[PDB]
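Source file: model-v2.txt (compact mmCIF, C-alpha atoms)
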# COMPACT_ATOMS: atom_id res chain seq x y z
CA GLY R 1003 0.00 0.00 0.00
CA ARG R 1004 2.94 2.29 0.72
CA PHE R 1005 4.26 2.40 -2.88
CA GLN R 1006 2.90 3.21 -6.33
CA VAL R 1007 5.31 2.45 -9.16
CA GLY O 432 5.48 16.03 6.98
CA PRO O 433 3.87 13.96 5.66
CA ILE O 434 6.36 14.22 2.78
CA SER O 435 5.49 13.12 -0.76
CA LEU O 436 8.56 11.38 -2.13
CA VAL O 437 9.66 9.73 -5.35
CA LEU O 438 12.29 7.05 -5.73
CA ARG O 439 13.52 6.98 -9.33
CA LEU O 440 15.48 3.97 -10.47
CA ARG O 441 15.64 1.41 -13.30
CA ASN O 442 13.73 -1.87 -12.90
CA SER O 443 15.16 -5.35 -13.75
CA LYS O 444 14.43 -4.71 -17.44
CA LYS O 445 16.55 -1.47 -17.14
CA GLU O 446 13.37 0.63 -17.53
CA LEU O 447 13.20 3.94 -15.69
CA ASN O 448 10.44 4.14 -13.08
CA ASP O 449 9.22 6.73 -10.58
CA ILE O 450 8.06 5.10 -7.34
CA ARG O 451 5.69 7.40 -5.40
CA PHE O 452 5.36 7.09 -1.59
CA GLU O 453 4.64 9.11 1.55
CA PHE O 454 6.92 9.42 4.57
CA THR O 455 5.53 10.68 7.89
CA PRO O 456 8.19 12.15 10.28
CA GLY O 457 7.60 10.96 13.85
CA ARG O 458 5.92 7.75 12.63
CA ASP O 459 8.22 6.36 9.93
CA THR O 460 11.99 5.83 9.93
CA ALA O 461 14.43 5.89 7.07
CA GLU O 462 15.59 2.30 7.92
CA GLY O 463 11.99 1.06 8.20
CA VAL O 464 10.83 2.51 4.91
CA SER O 465 14.02 1.28 3.14
CA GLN O 466 13.25 -2.22 4.42
CA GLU O 467 9.71 -1.84 3.04
CA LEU O 468 11.15 -0.96 -0.37
CA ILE O 469 13.32 -4.12 -0.27
CA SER O 470 10.56 -6.44 0.98
CA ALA O 471 8.36 -5.07 -1.87
CA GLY O 472 11.05 -6.12 -4.35
CA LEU O 473 11.52 -2.49 -5.48
CA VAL O 474 15.06 -2.08 -4.11
CA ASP O 475 17.90 -4.64 -3.99
CA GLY O 476 18.74 -5.83 -0.44
CA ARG O 477 22.40 -4.80 -0.93
CA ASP O 478 21.21 -1.18 -1.14
CA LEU O 479 19.61 -0.98 2.35
CA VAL O 480 22.34 1.16 3.91
CA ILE O 481 22.78 3.69 1.09
CA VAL O 482 19.03 4.10 0.50
CA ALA O 483 18.38 4.53 4.26
CA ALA O 484 21.18 7.14 4.48
CA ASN O 485 19.82 9.14 1.53
CA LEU O 486 16.22 8.82 2.72
CA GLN O 487 17.30 10.24 6.09
CA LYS O 488 19.05 13.13 4.27
CA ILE O 489 16.00 14.13 2.24
CA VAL O 490 13.49 13.73 5.11
CA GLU O 491 15.40 15.75 7.78
CA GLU O 492 15.54 18.87 5.58
CA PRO O 493 12.92 18.47 2.77
CA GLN O 494 13.20 22.26 2.38
CA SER O 495 16.91 22.14 1.53
CA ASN O 496 17.20 18.69 -0.11
CA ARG O 497 14.79 18.68 -3.07
CA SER O 498 16.73 15.84 -4.77
CA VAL O 499 19.49 13.41 -3.83
CA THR O 500 21.22 11.09 -6.32
CA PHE O 501 23.28 8.19 -4.95
CA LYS O 502 25.17 5.06 -5.90
CA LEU O 503 23.65 1.60 -5.68
CA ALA O 504 25.82 -1.04 -3.99
CA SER O 505 24.00 -3.55 -6.27
CA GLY O 506 25.20 -1.75 -9.42
CA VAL O 507 28.91 -1.45 -8.57
CA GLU O 508 30.09 -4.16 -11.04
CA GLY O 509 26.86 -5.51 -12.54
CA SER O 510 27.54 -5.76 -16.32
CA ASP O 511 26.75 -2.10 -17.04
CA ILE O 512 29.17 0.62 -15.96
CA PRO O 513 27.64 2.99 -13.37
CA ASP O 514 26.45 6.26 -14.85
CA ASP O 515 24.75 8.87 -12.66
CA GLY O 516 23.45 10.81 -15.79
CA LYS O 517 21.58 7.84 -16.97
CA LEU O 518 20.68 6.48 -13.46
CA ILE O 519 22.54 3.22 -14.17
CA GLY O 520 23.89 1.87 -10.86
CA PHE O 521 22.45 5.04 -9.25
CA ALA O 522 19.03 6.02 -7.95
CA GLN O 523 17.43 9.33 -7.06
CA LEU O 524 15.12 10.38 -4.23
CA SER O 525 13.21 13.60 -4.68
CA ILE O 526 10.38 15.67 -3.23
CA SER O 527 7.23 15.35 -5.39

Could you rewrite the structure in this file as structure tokens?
Amino acid sequence: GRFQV
Amino acid sequence: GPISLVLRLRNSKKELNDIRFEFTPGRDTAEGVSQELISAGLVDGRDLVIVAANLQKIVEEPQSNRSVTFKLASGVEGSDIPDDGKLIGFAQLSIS
């Protein structure tokens, strides 16, 4: 959930 | 904070990507978030120390440090010669 690539 | 950050680095296919993520001072740590990047398979485990150091740098003064570019331990000898220009064997953390 932390990261969006 | 919260601080909107971007980690820019090439994936395993050598494609440039911008990884967006938030960091909340007081709640998150540079080591913790670096470990999250690694466990997510977004950063090589060899790069824990350098990514944590540079994350700390950008988060402590997000007013000064708008961008930091740093070597990857994982890219030191890995078939392509490091090139900071080109973010080969380097990555970059920046404020969104």

Inset, instruction - Could you give me, as a PyMOL selection string, the residues that sit within 12 Å of (-2.5, 1.9, 4.7) in the file's coordinates, counting all atoms listed in the file? - result: (chain R and resi 1003-1005) or (chain O and resi 452-453)

Export, as a PDB file, in the frame of the given file, the selected residues with C-alpha atoms.
ATOM      1  CA  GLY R1003       0.000   0.000   0.000  1.00  0.00           C
ATOM      2  CA  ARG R1004       2.940   2.290   0.720  1.00  0.00           C
ATOM      3  CA  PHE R1005       4.260   2.400  -2.880  1.00  0.00           C
TER       4      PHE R1005
ATOM      5  CA  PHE O 452       5.360   7.090  -1.590  1.00  0.00           C
ATOM      6  CA  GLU O 453       4.640   9.110   1.550  1.00  0.00           C
TER       7      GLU O 453
END

Inset, instruction - Pick out the closest residue to chain R from this set: O:510, O:448, O:460, O:455. Count only C-alpha atoms. - result: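 Distance minimum relative to chain R lands on O:448.
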
Legend entry - Closest of O:445, O:439, O:451, O:517 to residue 1007 in chain R - atom-to-atom distances counting all atoms listed in the file: O:451

Inset, instruction - Can you work out which one of O:511, O:440, O:450, O:463 has the shortest atom-to-atom distance to residue 1006 in chain R, counting only C-alpha atoms? - result: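 Nearest to residue 1006 in chain R: O:450.
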
Inset, instruction - Using all atoms listed in the file, find the residues of chain O whose closest atom to chain R is at most 12 Å away, then write them as number ranges by chain. - result: O: 435-442, 446-455, 459, 463-474
